[PDB]
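Below you'll find the structure, written out as structure tokens, and then a few comments.
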Amino acid sequence: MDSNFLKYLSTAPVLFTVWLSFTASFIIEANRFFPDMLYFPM
Amino acid sequence: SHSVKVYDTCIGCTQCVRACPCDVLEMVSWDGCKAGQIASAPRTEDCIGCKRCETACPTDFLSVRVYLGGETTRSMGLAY
Amino acid sequence: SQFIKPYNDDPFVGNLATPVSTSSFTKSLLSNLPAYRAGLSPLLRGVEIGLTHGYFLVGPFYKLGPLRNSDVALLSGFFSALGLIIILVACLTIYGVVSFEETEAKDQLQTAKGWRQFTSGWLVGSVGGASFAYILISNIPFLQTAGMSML
Amino acid sequence: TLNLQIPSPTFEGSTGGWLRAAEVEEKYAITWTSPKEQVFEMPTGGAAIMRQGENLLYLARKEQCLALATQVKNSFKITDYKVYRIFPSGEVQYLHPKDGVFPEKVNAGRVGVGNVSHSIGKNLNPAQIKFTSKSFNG
Amino acid sequence: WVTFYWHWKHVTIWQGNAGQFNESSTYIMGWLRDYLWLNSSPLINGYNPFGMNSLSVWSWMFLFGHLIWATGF
Amino acid sequence: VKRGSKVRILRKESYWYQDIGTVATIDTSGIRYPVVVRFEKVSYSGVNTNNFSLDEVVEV
Amino acid sequence: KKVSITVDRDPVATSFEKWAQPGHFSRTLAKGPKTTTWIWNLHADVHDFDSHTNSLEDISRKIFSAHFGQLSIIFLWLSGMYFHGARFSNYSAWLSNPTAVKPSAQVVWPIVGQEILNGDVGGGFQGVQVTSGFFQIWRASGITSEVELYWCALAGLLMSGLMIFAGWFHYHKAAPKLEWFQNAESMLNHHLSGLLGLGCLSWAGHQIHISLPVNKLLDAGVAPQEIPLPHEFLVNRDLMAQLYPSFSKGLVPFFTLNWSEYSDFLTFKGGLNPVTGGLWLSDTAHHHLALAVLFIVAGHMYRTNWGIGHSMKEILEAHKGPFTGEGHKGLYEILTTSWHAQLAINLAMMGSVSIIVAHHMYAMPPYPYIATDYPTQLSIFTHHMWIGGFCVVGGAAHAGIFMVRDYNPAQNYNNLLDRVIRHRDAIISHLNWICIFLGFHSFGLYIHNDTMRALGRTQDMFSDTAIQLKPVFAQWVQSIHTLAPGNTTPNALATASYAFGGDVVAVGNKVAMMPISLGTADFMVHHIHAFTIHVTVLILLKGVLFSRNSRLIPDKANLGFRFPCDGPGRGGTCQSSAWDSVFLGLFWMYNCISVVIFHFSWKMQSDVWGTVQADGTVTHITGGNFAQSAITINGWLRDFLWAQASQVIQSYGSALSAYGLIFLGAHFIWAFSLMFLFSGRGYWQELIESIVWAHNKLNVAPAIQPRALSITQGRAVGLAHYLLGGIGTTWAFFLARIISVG
Amino acid sequence: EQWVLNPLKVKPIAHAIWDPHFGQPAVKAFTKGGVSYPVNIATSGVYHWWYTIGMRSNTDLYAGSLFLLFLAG
Amino acid sequence: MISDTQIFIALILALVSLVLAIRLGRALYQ
Ligand code: CLA
Ligand code: CLA
Ligand code: CLA
Ligand code: CLA
Ligand SMILES: CC1=CCCC(C)(C)[C@H]1/C=C/C(C)=C/C=C/C(C)=C/C=C/C=C(C)/C=C/C=C(C)/C=C/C1=C(C)CCCC1(C)C
Ligand SMILES: CC1=CCCC(C)(C)[C@H]1/C=C/C(C)=C/C=C/C(C)=C/C=C/C=C(C)/C=C/C=C(C)/C=C/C1=C(C)CCCC1(C)C
Ligand SMILES: CC1=C(C/C=C(\C)CCC[C@H](C)CCC[C@H](C)CCCC(C)C)C(=O)c2ccccc2C1=O
Ligand code: SF4
Ligand code: SF4
């Protein structure tokens with residue numbers, strides 16, 4: 001891995017997009033496998 | 002006519018006089034700063050109020066101050 | 002061969018000498034208009050201008066007014082034109098009151114007495130021209146239908 | 004003094020020039036000397052060609068004259084320009100440079116106008132000077 | 588917002604159809620459709636190509652407001 | 002105050018009031034504001050140095 | 011020779027170092043951020059190449075390679091559209107039944123209940139209905155299978171890769187010199205004869221050799237799976253000659269100028285195909301072939317290495333008269349030195365061409381089964397209208413940028429530009445007066461008619477059953493164009509379009525095209541259009557002509573193209589730049605195109621689009637309400653805005669509910685835009701001061717000092733969110749309505 | 074005096090209309106409230122307030138108007 | 001109902017109020 005390419009990958013827009021997509025993928029897979037969670041189940 | 006004041010925080014960098022489009026300010030002799038000069042406003046009847054001098058001033062909160070007052074033909078920038 | 006020149010041989014005044022602005026036809030037409038024609042009192046300038054404008058003021062009110070499909074269309078149009086004439090005369094009066102200081106000079110339009118004479122002439126000409134237009138449309142059936150009487 | 008007989012730069016005319024207030028209220032004049040005949044931009048819009056030698060020009064506003072002065076100073080290295088104010092009565096009032104030395108350079112005899120002997124944060128609150136003709140500066 | 592809430596609730600109670608407010612006020616599309624669009628019908632029919640009635644002045648004034656508001660922009 | 006010292010500003014109108022700067026030069030002549038102070042935060046006009054009097058700077 | 015190839019080899023090394031240094035292109039920005047303003051400046055001025063360096067050669071190389079990058083993106087988009095048509099579409103079922111199968115080329119995943127958007131579009135398929143018109147294009151091109159669409163997608167991907175490789179090569183490895193870019197004559201010759209001419213010739217070849225037999229078999233009722241492959245149409249001359257017997261004569265009639273033998277597959281029939289409702293493909297094949305001939309002839313005009321050809325500088329300098337001084341002298345230098353002038357001209361022309369495309373494509377449907385696809389027609393008209401308006405305003409903007417930056421008065425003495433500048437006051441005053449006249453005698457007619465209908469005086473209105481404003485000139489032009497076949501166009505079988513007059517072309521009990529009558533309401537709305545276009549011209553031209561100086565600011569050119577103001581002085585000089593004139597002209601372009609598309613939607617829904625039933629009567633979508641309702645603002649408010657928004661607000665719980673969501677969301681964002689538009693920087697900066705105090709209390713203040721957005725950025729953000737909100741609202745309303753009722 | 078007798082069926086009139094820009098259908102459509110001239114239907118609620126506080130006829134309304142004219146003077 | 005004389009009395013009182021309002025406006029204008 002070229003260090004300049006890694007430093008470019010460490011910039012705010014790239015990391016922002018990657019982190020928000022990663023978070024969205026967590027929410028999407030959680031709602032795919034555990035849908036319709038209006039509430040915390042008792 | 003607008004009122005232009007120069008406070009003793011002026012460092013005599015002559016930027017406000019160079020930024021003036023209407024030849025309102027000029028540099029006069031002074032002993033309060035290392036440059037040995039302070040800005041002055043003898044010709045505020047020609048002041049349009051553009052505040053280019055205030056934009057040009059480098060001292061933390063400005064040494065030259067423009068207070069807009071009564072509007073005249075010169076101060077309104079009217080070519081008519 | 003340049004057709005556009007600086008105005009009055011002054012290149013720095015805010016105007017240009019063009020064929021539309023400064024040709025012989027334009028100068029003749031402007032100098033022969035009553036507002037600029039030499040040898041006229043302000044009263045007669047007012048009379049001519051008022052006759053023309055008051056004469057043409059009758060037409061739209063007669064042809065397009067709310068009473069245009071009634072038997073009193075011409076009378077209503079002339080009365081509306083007269084009311085517009087009175088409003089414009091009031092406009093002239095207040096303009097002359099606020100625009101000029103009281104001077105001995107009375108042979109120019111831009112004096113107080115000259116503008117008062119011009120306003121008086123404009124009122125008298127406007128009433129006369131409106132009445133003439135009323136007479137002509139009242140007495141000629143060609144003007145009552147605006148040319149469909151030929152068909 | 005303003006020599007009225009100085010020839011003007013060759014201009015084809017424009018609609019941007021001075022209005023009736025120039026001949027009725029006040030008018031401005033700028034003179035300068037050029038080493039050669041060269042094309043400059045008019046401050047009112049358009050291109051004119053200034054002649055070699057002296058040039059006199061009439062404007063409606065002081066700022067237009069000083070804009071032209073700044074333009075010829077930074078584009079043609081002309082600093083000898085003089086700006087005058089002319090009234091309809093014919094009195095000519097010399098404006099720029101007022102004492103012959105440009106205002107960004109210190110000259111002896113100049114007195115400070117509008118100078119305040121404290122910082123701007125030491126101005127008075129309005130409540131001291133309400134119903135009183137005392138200035139907010141102190 | 589206050590007058591929209593007051594008027595929509597009071598119209599739905601006065602109509603005997605308070606359940607329409609109870610089911611439609613929880614989302615914005617209910618406010619846009621069941622209050623704004625639904626109650627606009629007699630207002631925009633104050634005058635039409637078929638006639639006019641006593642609401643027409645409000646039908647004018649409504650449009651008047653839509654004009655003058657825009658002029659402020 | 003001396004050269005190199007970290008000082009807090011007590012000028013009310015200043016952008017850097019109660020903030021910390023570094024003294025860059027102390028002028029010895031009779032100047033009303035002889036203390037040049039350089040700041041790490043830029044002002045709204047983009048400057049980062051200003052002159053202050055002796056009473057407008059306190060050592061931290 | 012004078013036209014030659016000059017290239018510098020390896021001018022910029024290919025490296026990732028500057029990728030890690032944001033703001034490297036700007037000396038001001040390369041120092042690094044100190045405020046949040048820096049970030050916005052970094053993303054706002056990045057492709058403004060002329061402000062980073064003074065060398066025209068590097069700017070031109072950057073422009074060439076950025077154009078290659080855009081072409082790569084466009085090819086990737088096209089390849090995506092072909093692939094999504096190939097794999098996620100109902101294209102074969104649409105090919106079997108065009109009149110009953112809704113086109114759909116987008117399928118959603120089921121995640122949170124959004125699978126409800128996969129509506130029943132027919133053909134045993136569920137997906138999002140598409141209105142881009144790709145199905146009709148592929149039917150016109152002769153694509154009968156999804157395998158061909160897969161191959162088209164592969165070709166698009168290969169061309170995208172080729173374009174991005176060409177960009178990397180032609181910037182980073184072999185960059186052309188400035189002398192290579194400054195050949196206008198060679199560029200026009202090659203782009204007229206090779207790009208447009210050979211492109212038209214090869215597409216005429218494809219139309220004649222592939223599109224015509226496949227579409228002739230499709231219109232005869234043959235199923236697509238039994239239609240022969242295109243290469244079989246190439247090699248089997250008998251198979252072609254059963255359909256077009258002139259192919260039995262070969263290329264001998266072409267070279268012997270016996271061209272009328274080819275009259276069966278090169279026609280000038282006009283009108284529309286009765287089976288499909290589109291233009292005859294033979295007419296299009298002759299059309300593109302004639303365009304190829306004309307473009308290749310036009311591509312030999314300009315002077316090159318050999319002595320033949322015209323010199324454009326000589327042509328420009330020769331055209332001068334007594335009214336215009338030096339005439340067109342100096343424009344060749346302007347257009348061969350300033351990129352911004354070329355961008356202005358080309359953006360203006362592309363916008364006008366897009367508008368012409370929108371008009372001429374609704375009126376003369378060129379594709380099979382696109383006329384009765386009312387959502388596709390409305391979508392492509394509205395989309396290309398908006399693109400055209402945006403490109404025209406961009407041409408004005410970049411003209412203003414040329415005027416501020418690249419204009420030199422020394423090289424522009426007493427030419428047309430100088431004289432235009434020298435009577436700018438007359439131009440703007442006369443245009444301002446005619447704009448006020450147009451506003452009064454167009455909008456006051458609507459206000460007057462609203463008042464008269466509100467006052468109960470129907471006989472005092474401007475209508476066809478009241479005092480009439482008859483569009484006699486446009487009706488006369490329509491009569492001439494209806495009478496044109498056989499009288500002034502003796503070789504035309506039918507009219508160019510039925511919108512001028514004629515029969516009702518209907519396909520599958522839906523109106524393909526019918527005559528579009530023009531009455532008082534059409535008069536008023538066309539003069540409203542003229543009013544809005546003249547006011548937009550007033551704003552943009554006033555901004556361009558006063559970009560360098562004015563009576564207010566004599567040194568406006570020193571401040572630049574884009575500055576917020578010159579201070580509160582002279583009474584206030586806010587929004588004095590040409591950029592702010594573009595900022596207002598974008599709003600007025602939005603208003604103009606909005607009124608145009610509203611007129612279009614209502615007039616087609618009321619007088620053109622509808623269903624044909626027994627005894628030949630046409631039942632329109634809104635029942636012919638345009639004539640009596642489009643004369644008042646109340647009629648527009650009730651019978652167009654209120655009436656047709658029923659479909660988007662009752663779309664919840666159906667497949668079109670996303671449009672309703674987008675409807676609300678656009679309604680949100682547009683209003684959010686006014687928060688930027690109505691407010692000012694100082695309030696937000698002091699509020700940010702308080703928030704900075706709050707973050708300082710917890711020692712969590714960022715090193716990059718937060719600042720409010722600039723005044724210019726406040727205007728730009730408000731304008732961008734305003735345009736997005738308005739265009740999205742019209743988008744959702746139009747699409748939901750026309751999918752539901754058409 | 075008509076509204077006091079039947080408060081829940083008679084539409085309260087605010088003031089009369091005299092607008093010469095009206096056509097005849099606008100004159101007809103604004104003729105409500107049991108009178109023979111165009112009127113505006115009151116929304117200010119002055120009828121209910123004045124009826125509740127003990128006014129019944131038109132005479133005491135005029136006397137109150139006179140008293141407030143005198144008080145303003 | 002109200003008669004013509006009552007309306008005339010109200011008009012006279014309104015004219016008196018007009019005179020008083022003119023006097024107050026002149027007093028406030030100094
Ligand atoms: C006949 C030769 C020829 C052709 C076809 C083109 C074509 C083009 N030039 Mg161009 N150009 C030429 C000669 C030619 N040029 C010469 C001689 C000069 C120097 C004076 C220039 C200088 C020049 C500049 C400075 C610019 C262009 C640009 C463009 C593109 C315009 C955008 C567009 O419509 O793309 C869509 C049209 C297409 C045809 C898409 C396909 C794109 C590829 C490259 C076409 C390749 C065709 C190939 C030669 C034949 C294979 C076809 C078949 C046999 C398989 C277009 C691809 C602009 C651009 O975007 O540059 C990137 C631009 O800025 N040209
Ligand atoms: C042929 C097309 C074209 C080209 C090549 C250019 C090129 C240029 N323009 Mg120009 N322009 C164009 C079209 C074009 N423009 C059009 C059509 C308009 C009218 C709207 C303008 C208006 C315009 C102005 C007003 C200005 C320029 C400027 C510039 C220069 C710098 C641009 C820059 O750095 O932006 C960098 C790129 C960006 C800032 C990205 C912009 C992103 C936009 C605003 C948002 C897109 C929204 C998206 C489509 C939808 C998302 C919604 C979703 C979230 C729901 C550059 C020379 C500026 C300049 O300095 O010139 C010297 C300048 O002041 N242009
Ligand atoms: C609906 C709101 C609205 C209206 C009515 C106007 C009206 C006007 N704008 Mg404006 N504008 C608006 C919104 C509006 N704007 C918005 C939202 C923007 C946002 C960017 C702008 C941006 C803008 C720019 C940038 C420009 C204008 C210009 C103009 C003028 C064009 C001349 C014209 O059409 O005269 C016709 C007048 C009208 C249509 C107004 C209605 C008048 C009708 C006929 C009824 C008249 C009734 C009568 C006078 C009443 C008398 C009663 C008595 C008691 C007084 C005009 C004054 C241009 C201008 O001034 O140049 C000439 C110009 O350059 N505007
Ligand atoms: C062309 C349009 C038009 C015009 C000019 C009028 C004119 C009029 N209508 Mg009307 N009307 C119209 C269309 C129109 N209508 C339509 C289409 C409808 C729908 C059917 C109606 C419905 C309607 C009703 C229902 C009523 C009227 C009434 C009136 C009259 C009000 C008299 C009045 O109080 O004057 C005085 C005007 C005012 C007090 C308004 C001015 C307020 C100003 C702007 C506020 C600011 C003032 C400020 C201090 C500056 C002072 C300036 C100084 C010069 C004074 C007047 C004759 C009313 C009536 O008959 O009353 C007698 C009435 O009840 N109209
Ligand atoms: C057509 C032409 C083609 C196109 C181009 C074009 C140039 C624009 C256009 C020209 C156009 C336009 C500009 C046409 C020019 C038009 C004007 C409107 C003509 C006005 C004529 C007034 C005459 C009749 C009357 C005077 C009244 C008489 C004396 C009075 C009798 C009264 C007097 C006081 C005495 C007492 C009795 C009474 C009755 C009271
Ligand atoms: C806003 C501000 C402005 C400046 C002043 C201010 C106080 C600071 C304030 C103004 C405020 C408010 C207070 C102003 C409100 C003011 C007044 C009350 C306006 C009333 C006008 C009444 C009209 C003229 C008359 C009808 C009488 C006519 C002549 C009678 C005929 C009569 C009838 C038929 C019977 C027969 C006898 C005759 C005589 C023939
Ligand atoms: C609201 C507003 C602001 C405030 C806008 C602030 C300063 C900028 C907001 C940008 C944010 C930080 C980026 C996008 C917001 C995201 C939704 C969440 C932030 C993500 C962080 C990690 C950055 C102005 O600066 C302004 C200036 C001139 C006229 C009007 C206005 C104006 O109306
Ligand atoms: S406001 Fe403008 S004109 Fe006045 S002193 Fe400052 S720079 Fe000069
Ligand atoms: S710009 Fe400010 S510091 Fe410089 S001379 Fe003028 S007042 Fe003094």
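Chains as they are written, first to last, in the authors' numbering: chain A, 1 to 42; chain B, 2 to 81; chain C, 2 to 152; chain D, 4 to 141; chain E, 588 to 660; chain F, 2 to 61; chain G, 11 to 189, 192 to 754; chain H, 74 to 146; chain I, 1 to 30. Yeah, the Cβ is synthetic: ideal placement off N, Cα and C, and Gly gets one too.
- [ ] Taking all protein chains shown into account, decide if C:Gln3 is buried (16 or more other Cβ within 10 angstroms of its Cβ) or exposed.
- [x] exposed
- [ ] Determine the direct distance from the alpha carbon of G:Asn358 to that of G:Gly572, and round the result to whole angstroms.
- [x] 23 Å
TODO: Using a Cβ cut-off of 8 Å (strictly closer), state whether F:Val61 contacts chain G.
DONE: no
Open item on the list: Distance check for G:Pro43 and F:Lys13, CA to CA, integer angstroms please.
Closed with: 27 Å
- [ ] Mind reading off the beta-carbon distance from H:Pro111 to H:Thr104? Whole number of angstroms is fine, and I expect it under 8 Å.
- [x] 6 Å
TODO: Would you check if the distance between the CB atom of B:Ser64 and the CB atom of B:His3 is smaller than 8 Å?
DONE: no
- [ ] Write down the C-beta distance between G:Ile700 and G:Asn461 rounded to the nearest angstrom, noting that I regard them as a contact closer than 8 Å.
- [x] About 50 Å; that fails the 8 Å criterion.
Task: Three or more C-beta pairs below 8 Å linking the stretch 517-532 of chain G and the stretch 399-419 of chain G - done: no
TODO: With 8 Å as the threshold, decide whether the Cβ of G:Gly337 is near any Cβ in chain C.
DONE: yes
TODO: Express the C-alpha separation of C:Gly66 and G:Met415 in angstroms, rounding to a whole number.
DONE: 51 Å
Open item on the list: Could you check if H:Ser117 belongs to the surroundings of ligand 4, using beta carbon to heavy atom distance under 7 Å?
Closed with: no
- [ ] With 7 Å as the C-beta to C-beta threshold (strictly closer), list the residues of the stretch 606-618 of chain E near chain H in chain order.
- [x] none
TODO: At 8 Å on the CB atoms, spell out the chain L contacts of I:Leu13, in chain order.
DONE: Of the chains in the structure shown, none is chain L; the protein chains are A, B, C, D, E, F, G, H and I.
- [ ] Can you tell me which of C:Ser150, C:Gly115, C:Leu75 puts its alpha carbon nearest to the alpha carbon of C:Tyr135?
- [x] C:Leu75
TODO: State the beta-bridge partners of G:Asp250 as determined by DSSP.
DONE: Answer is none; G:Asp250 lacks a bridge partner.
Open item on the list: Less than 7 Å separating the Cβ of H:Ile90 from some heavy atom of ligand 4?
Closed with: yes
Task: As assigned by DSSP and simplified to three states, the class of D:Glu15 - done: coil
Task: Opposing strand residues paired with F:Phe53 [DSSP bridges] - done: F:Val36
Task: Within chain G, the residues that D:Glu26 reaches when beta carbons sit closer than 7 Å - done: Near D:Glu26 there are no residues of chain G at all, since even the closest Cβ is about 16 Å away, more than 7 Å.
TODO: Using a Cβ cut-off of 8 Å (strictly closer), state whether H:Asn131 contacts chain I.
DONE: yes
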